[PDB]
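[1] Curious how this folds, go ahead:
(4 chains)
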Amino acid sequence: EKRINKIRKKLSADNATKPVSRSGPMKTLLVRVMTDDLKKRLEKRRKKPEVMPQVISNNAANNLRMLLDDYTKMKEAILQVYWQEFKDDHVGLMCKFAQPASXXXXXXXXXXXXXXXXXXXXXXXXXXXXXXXXXXXXXXXXXXXXXXXXXXXXXXXXXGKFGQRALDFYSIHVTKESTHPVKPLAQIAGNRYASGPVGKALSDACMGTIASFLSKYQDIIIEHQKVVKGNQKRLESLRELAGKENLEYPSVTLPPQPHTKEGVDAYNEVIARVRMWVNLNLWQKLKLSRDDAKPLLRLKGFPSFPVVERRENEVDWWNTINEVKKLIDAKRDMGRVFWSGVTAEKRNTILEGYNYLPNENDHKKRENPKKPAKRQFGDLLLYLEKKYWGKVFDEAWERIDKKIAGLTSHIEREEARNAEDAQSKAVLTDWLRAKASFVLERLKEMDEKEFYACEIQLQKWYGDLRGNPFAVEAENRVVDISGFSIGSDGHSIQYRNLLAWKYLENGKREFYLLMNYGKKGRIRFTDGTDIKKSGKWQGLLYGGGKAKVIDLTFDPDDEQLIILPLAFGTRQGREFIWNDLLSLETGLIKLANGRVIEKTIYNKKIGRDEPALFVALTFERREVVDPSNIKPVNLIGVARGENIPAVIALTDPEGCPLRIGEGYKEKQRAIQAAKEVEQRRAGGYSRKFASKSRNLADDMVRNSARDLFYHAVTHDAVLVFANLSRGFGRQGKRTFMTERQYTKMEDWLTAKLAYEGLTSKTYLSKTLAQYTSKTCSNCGXXXXXXXXXXXXXXXXXXXXXXXXXXXXXXXXXXXXXXXXXXXXXXXXXXXXXXXXXXXXXXXXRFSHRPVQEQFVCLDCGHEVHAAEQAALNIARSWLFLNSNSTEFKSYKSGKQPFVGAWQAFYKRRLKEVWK
DNA sequence: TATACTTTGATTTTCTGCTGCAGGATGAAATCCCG
DNA sequence: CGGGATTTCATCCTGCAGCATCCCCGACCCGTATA
RNA sequence: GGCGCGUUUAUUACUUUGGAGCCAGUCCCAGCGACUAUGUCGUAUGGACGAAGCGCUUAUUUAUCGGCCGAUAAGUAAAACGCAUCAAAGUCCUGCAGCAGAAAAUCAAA
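    Numbering: from 1, shown residues only, chains lettered A, B, ... in the order given. Shown next is the protein structure:
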């Protein structure tokens, strides 16, 4: 009773249905094309198929290569010419992509006392439902709608929404007229692809991409205007250094608002220089806390123009290896006169301060730990200093040169045979960096002028040599299928693609995808109804608004007609090809769009270089359940977290009364530990678990969304989430992006709720997260007053005591926190409390949740899991918000804050009906 | 009893993945060549 | 002069919403051994 | 960690997550540790080599038993079957950015 398709057949089989209004919910297939290895997978089994289905016929693959390669070339040409348009005039291209308005009317005016940003910002009281005042500027009425007031209500020059079809791309490059000199269908594709579907799909893709770039660029220009205003407001760093008299000058002026991309680089360079100076001379040598001298923020978020502005820094491995060896062996003789020279004492400071000699690598936890190869050279230097300082350099150089020669001979004999050693490359780079950072100490002692030039060259070479043998080339290749429609004259296929389903022997089908992107016809159709055991080839082409299957006649020929046999499960087909509730060939689902994707999938037998072929037909729904349900006895309190996500508590409607996805952080910590142990040695990543964590996270999100949806439906309940303010994450030091999923569960639950009809007003509600997980379920904050008296505060709720136990660690520490309290209390206590952060002791002992699972109250003496207790607080916080009893009249009139009003609701209802 | 050592700040060079935004999920109609 | 291939052309969405919620680090980076 | 079966997720074969099944050694290269130090000994860290279910029918080769072949142990090869072995999920594309991981430099804090 706990599968997902049982719940959708519980929803869609107890109340009525209704058609959609304008658009619908979208799903997508992701079927794979049966090339050859999908048939090798079939002739390897125990039971074997009756009909060994089909294979890509070795000519369809060649024209797919031609089509995808021509498509990406045309995309790069269009994006390069609009990049050259964008670098010449920002606001011109922004005004080009604005939109048309609609089919409006004779709206209002605001010419006087209202201009623009970059020319007659009019107005209209559009929707009279609950929100009007749409500005919608003109002179093509560009729907400008902005002005966030604050200091000046200035409306945005370009519109509130950049658009896809604003430019009329099919009046430019693709048409035979219009002497714009860049024509992709003519110059690049060689005039052999049809200028119908190719030009319009390429239009849709390129214009959607530049619309997304401009729609990000406008907001980023606005937010960098705010950040540069705040950063000009934060040059009291010059005020403090004169205020403390200890520092002379930073000597740096800020540029204006950058606006290009390289201005952002110069601006953030100056910001980094000032920030490094502030950390070096104010945060450390003068011991100032961060939140007294606020630092300069960095301009982050500036987008780049999409495809053309990528890096492509590709270099070959052995040539850079020989370059590092050339730089090392050039300066060998100058290193000999240096290390045989100056002192014993200064040279010991070089050997000890620059991390050569091993500090504590002897802690043998059942063999020593390994050394980072700048310290193995230190051990060899120590042994040669004992046994043998001029000729120590020669023996050290010969030994490390023999190690280097053995490593490069092993990599040459293993790389150029069949495979990649994949770890000894990293060790060769580490030992080369060690030889470099041993040779360079003439320059790090004599003159630091040219020392930094060779250092940044060696840093670039080391970064190349460690990262570039693990970089992935060969990004995905997509072509689009923009719609399935019969033309105006009812005998044609506009966009020239179909879902075929040639009939097999008994009753089953084959389900090809037919593409005809050449400059010809080659597909025709009338109608049919027979079911004979041959190529009925039917089709589903969506005539007008109606859905119609056809009888289709064509011959497989090597000029056009990409014929892709699909491969999918019974699950995907049962879901949205032949679903017995939402059938095709009736119109309850309709196909909308399609692709063809050549992406790199992982094949286990070799490395990941196995590009497969997926299709991805995307579908829109047209039959939708009408909301006439209530969910009264409901209040399922979804309380989310990173350790255990989605903790569940179910109540009654008055408020009186599961750990979905329990073991989850351990699994991703194990995957992360595998990535980290494969990253330290063997400097890259080993591209096998390059999608393991995303697949685990997706499986958890979708299984937990299934479980939340199940417990919502079968117990006649409404889920109650907390307003986590999307984008919510811990965002610290050891905080991986794979456990930031407080938004993803809500997104997937809405996506399974938007599909199959419903909205976020019948099974999903959201309440405020203020002071949940903090109030005990039989008791009542964050204003822990330490103003009460050093021996023992008595608090508000009755009386307390002292005698603590603070377990502060991150080293080797623990405390009883009373003797230290008396030591920090001095005597007169006022001077103590002025000069103590010893409130941290009380806030570490007397706090709720000492360990980050449990909970301890301060007047109940109660122990709860603080996740079931958080869930009950969520399910009662929503019951407090929209129930006007007495106390929600307060906090809307502004009488009390939220805390006292919620406590007065809670302890009144805790004695009344225990809620 | 301090001097030796440790983790952590801030710049920088290379790569990776995962989320978080923004575009989207094109049918209808009208011209126009062409043999 | 109809068939088939190009060219244009354009469509809707309103909402109100206030400081913690996730985790955990700080705290003491001063401490601590030990020569 | 590696290698294979395949069931349920009310026409097909896809991408995944689980459960269960069987094998995880050799110093040949390299790493790393100790030093009797331009090397010797260890350590399975990485490449390379092999290890990767069982049972029932049918043809055979070898060893046992029987006075042309018959029945056992092993091995070969084939097809079909059974058991170990059992449940779930899928909404994608494009493009940027932001975080985090990983070493590696430089300048400092106590």
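[2] any idea how far DNA strand C is from residue A:568?
    30 Å (C-beta to the nearest atom of the strand, to the nearest Å). Any C-beta I mention is one placed from the backbone N, CA and C, and that applies to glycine too.
[3] need the contact list for that residue.
    A:29, A:31, A:32, A:511, A:577 (C-beta atoms under 8 Å, 6 or more residues apart in numbering).
[4] Once you drop chain neighbours, what's closest to the third one?
    For residue A:32, ignoring the flanking residues on the chain, the nearest one in space by C-beta to C-beta, 6 or more residues apart in numbering is residue A:567 at 4.8 Å.
[5] is it true that the one you found touches residue A:31?
    Yes - judged on C-beta atoms under 8 Å, residue A:567 makes contact with residue A:31 at a distance of 6.1 Å.
[6] Residue A:78 - how many residues pack around it?
    Counted with other C-beta atoms under 10 Å, the neighbours of residue A:78 add up to 26.
[7] One more: the one 3 residues further on?
    If you count neighbours by other C-beta under 10 Å, residue A:81 ends up with 17.
[8] and if you look at residue A:847?
    11.
[9] Now do it against residue A:862, distance only.
    14 Å (C-beta to C-beta, to the nearest Å).
[10] Residue A:476 now?
    55 Å.
[11] Going by how many neighbours each has, rank those two and give me the top one.
    Taking neighbours as other C-beta under 10 Å, residue A:476 and residue A:862 compare with residue A:862 leading, 15 against 12.
[12] Where does the nearest residue to the more buried one once chain neighbours are set aside sit: helix, strand or coil?
    Nearest residue to residue A:862, sequence neighbours excluded (C-beta to C-beta, 6+ apart): residue A:776, at 5.4 Å. Counting by DSSP: H, G, I helix; E, B strand; the rest coil, the backbone at residue A:776 sits in coil.
[13] Could you give the number of residues near residue A:776?
    Neighbours of residue A:776 using other C-beta under 10 Å come to 22.
[14] which residues does it contact?
    Contacts of residue A:776 by C-beta under 8 Å, 6+ apart are A:855, A:857, A:859, A:860, A:862, A:864, A:869.
[15] now those residues in a markdown table, with secondary structure and distance to DNA strand C?
    Converted to a markdown table, these look like this (DSSP: H, G, I helix; E, B strand; the rest coil; distance: C-beta to the nearest atom of the strand, whole Å):
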| residue | secondary structure | distance to DNA strand C |
| --- | --- | --- |
| A:855 | strand | 10 |
| A:857 | coil | 14 |
| A:859 | coil | 17 |
| A:860 | coil | 17 |
| A:862 | coil | 17 |
| A:864 | strand | 12 |
| A:869 | helix | 9 |
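[16] Need the buried ones from the residues you listed selected in ChimeraX.
    Here is the ChimeraX selection string for the buried members of the contacts of residue A:776, based on 16 or more other C-beta atoms under 10 Å:
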select /A:855,857,864,869
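[17] In TSV: the contacts of residue A:776, plus distance to residue A:582.
    Listed next are the contacts of residue A:776 as TSV, based on distance: C-beta to C-beta, whole Å:
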residue	distance to residue A:582
A:855	47
A:857	52
A:859	56
A:860	52
A:862	50
A:864	45
A:869	42
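[18] and the contacts of residue A:776, which two are the farthest apart?
    A:859 and A:869 (14.8 Å; C-beta to C-beta).
[19] quick one: contacts for the spatially most central residue of chain A?
    Centroid-nearest residue in chain A, with C-alpha atoms, centre = their mean: residue A:737, separated by 7.7 Å. When contacts are counted by C-beta under 8 Å, 6+ apart, residue A:737 is found next to residue A:729.
[20] I'd like the distance between it and DNA strand B.
    Taking C-beta to the nearest atom of the strand, one finds residue A:737 at 4 Å from DNA strand B.
[21] just checking: which of the contacts of residue A:568 also lie near RNA strand D?
    The subset of the contacts of residue A:568 within reach of RNA strand D, by C-beta under 7 Å from any atom of the strand, is A:31, A:32, A:511, A:577.
[22] Considering those, which possesses the most neighbours?
    residue A:31 (22 neighbours).
[23] which residues sit in contact with residue A:497?
    A:197, A:481, A:484, A:513, A:514, A:515, A:516, A:594.
[24] swap in residue A:736?
    A:668, A:672.
[25] So what's the residue count around residue A:322?
    Neighbours around residue A:322, by other C-beta under 10 Å: 11.
[26] Helix or strand: which one has it?
    Using DSSP states H and E, residue A:322 sits within helix A:317-330.
[27] Please apply the same query to residue A:414.
    helix A:392-415.
[28] For DNA strand C, what's its nearest residue on the stretch 451-600 of chain A.
    residue A:521 (3.6 Å; C-beta to the nearest atom of the strand).
[29] quick one: that residue and RNA strand D, what's the gap?
    Taking C-beta to the nearest atom of the strand, one finds residue A:521 at 26 Å from RNA strand D.
[30] Let me know whether stretch A:362-374 sits next to DNA strand C.
    No - using C-beta under 7 Å from any atom of the strand, stretch A:362-374 stays clear of DNA strand C, coming no nearer than 11.5 Å.
[31] That stretch: end-to-end distance?
    16 Å (C-alpha to C-alpha, to the nearest Å).
[32] buried set for that stretch?
    A:373, A:374.
[33] close to DNA strand B, is it?
    No - judged by C-beta under 7 Å from any atom of the strand, stretch A:362-374 stays clear of DNA strand B, getting no closer than 9.8 Å.
[34] in the sheet, who's paired with residue A:593?
    Assessed by DSSP bridges, residue A:593 has beta-bridge partners residue A:618.
[35] roughly how far apart are the residue nearest to the centre of chain A and RNA strand D?
    5 Å.
[36] again, but for residue A:378
    10 Å.
[37] and that residue, that's in a strand?
    No - Residue A:378 is assigned helix when assessed by three-state DSSP, not a strand.
[38] hang on, isn't it packed against residue A:359?
    No - look at residue A:378 against residue A:359 with C-beta under 8 Å: they stay out of range, at 9.8 Å.
[39] who's more crowded, the two?
    The neighbour count for residue A:378 versus residue A:359, taken as other C-beta under 10 Å, is higher for residue A:378 (21 against 10).
[40] Can I get the helix holding residue A:414 in CSV? Just the C-alpha atoms.
    Output of helix A:392-415 as CSV, limited to C-alpha atoms (Å, rounded to 0.1, in the frame of the first residue of the first chain):
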residue,chain,number,x,y,z
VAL,A,392,75.8,17.0,1.0
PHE,A,393,74.1,18.9,-1.9
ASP,A,394,75.6,16.7,-4.5
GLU,A,395,74.5,13.4,-2.9
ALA,A,396,71.0,14.8,-2.3
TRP,A,397,70.7,16.1,-5.9
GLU,A,398,71.9,12.7,-7.3
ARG,A,399,69.5,10.7,-5.2
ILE,A,400,66.4,12.9,-6.0
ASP,A,401,67.4,12.9,-9.7
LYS,A,402,67.5,9.1,-9.7
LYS,A,403,64.1,9.1,-8.0
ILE,A,404,62.8,11.5,-10.6
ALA,A,405,64.3,9.4,-13.5
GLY,A,406,62.7,6.2,-12.1
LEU,A,407,59.3,7.9,-11.7
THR,A,408,59.4,9.3,-15.3
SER,A,409,60.6,6.0,-16.7
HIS,A,410,57.7,4.2,-15.0
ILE,A,411,55.2,6.7,-16.2
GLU,A,412,56.6,6.5,-19.7
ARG,A,413,56.4,2.7,-19.7
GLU,A,414,52.9,2.6,-18.3
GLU,A,415,51.2,5.6,-19.9
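[41] Mind listing what's buried along the lengthiest helix in chain A?
    Ranked by residue count under DSSP state H, the longest helix found in chain A is helix A:197-232. Of all the residues in helix A:197-232, those buried under the rule 16+ other C-beta under 10 Å are A:197-207, A:209-211, A:213-215, A:217-218, A:221, A:224, A:227-228, A:231.
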